[PDB]
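1. fold the stuff below for me.
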Amino acid sequence: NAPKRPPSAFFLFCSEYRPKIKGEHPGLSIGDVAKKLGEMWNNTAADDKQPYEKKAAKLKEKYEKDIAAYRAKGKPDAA
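-> Numbering: from 1, shown residues only. Dropping the coordinates below:
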């Protein structure tokens, strides 16, 4: 009832880290564990983003068509 957004590319790399840095650095918040790894992501190689990225893309793409359809006549009161 409204296709929302999926991953970013970072999103995958991020999930994978969330615990790992939050445990190693238990002095961060969800905005620090995210800020730190966010930077990492930016400088994770790029060739190390691609693997994750491809997923984020595939899903955002799906969404965009599922919403395009949602509105097309997908909705609870559309069918």
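2. mind listing what's buried along the top helix by length along the chain?
-> Using DSSP state H to define each element, the chain has its longest helix at helix 50-73. Of all the residues in helix 50-73, those buried under the rule 16 or more other Cβ atoms under 10 Å are 52-53, 56, 70. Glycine gets a C-beta too; all of them are placed from N, C-alpha and C.
3. so what's the gap between it and the chain middle?
-> Put simply, helix 50-73 sits 12 Å off its chain's centre (Cα atoms, centre = their mean, to the nearest Å).
4. kindly export it (C-alpha atoms) in PDB.
-> Extracted in PDB, the C-alpha atoms of helix 50-73 (Å, rounded to 0.1, in the frame of the first residue of the first chain):
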ATOM      1  CA  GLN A  50      29.700  -2.500  -6.800                       C
ATOM      2  CA  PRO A  51      28.800  -6.000  -5.200                       C
ATOM      3  CA  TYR A  52      26.400  -4.300  -2.700                       C
ATOM      4  CA  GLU A  53      25.400  -1.500  -5.000                       C
ATOM      5  CA  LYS A  54      24.100  -3.900  -7.700                       C
ATOM      6  CA  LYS A  55      21.600  -5.100  -5.100                       C
ATOM      7  CA  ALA A  56      20.400  -1.600  -4.000                       C
ATOM      8  CA  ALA A  57      20.000  -0.700  -7.600                       C
ATOM      9  CA  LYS A  58      18.000  -3.900  -8.600                       C
ATOM     10  CA  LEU A  59      15.600  -3.200  -5.700                       C
ATOM     11  CA  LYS A  60      15.100   0.600  -6.100                       C
ATOM     12  CA  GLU A  61      14.400  -0.300  -9.800                       C
ATOM     13  CA  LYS A  62      11.800  -3.000  -8.800                       C
ATOM     14  CA  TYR A  63      10.200  -0.400  -6.400                       C
ATOM     15  CA  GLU A  64       9.900   2.200  -9.100                       C
ATOM     16  CA  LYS A  65       7.900  -0.200 -11.300                       C
ATOM     17  CA  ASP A  66       5.900  -1.500  -8.400                       C
ATOM     18  CA  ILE A  67       4.900   2.000  -7.600                       C
ATOM     19  CA  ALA A  68       4.400   2.900 -11.200                       C
ATOM     20  CA  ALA A  69       2.000  -0.100 -11.100                       C
ATOM     21  CA  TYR A  70       0.700   0.700  -7.600                       C
ATOM     22  CA  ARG A  71      -0.700   3.900  -9.000                       C
ATOM     23  CA  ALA A  72      -1.300   2.400 -12.500                       C
ATOM     24  CA  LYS A  73      -4.100   0.500 -10.700                       C
END
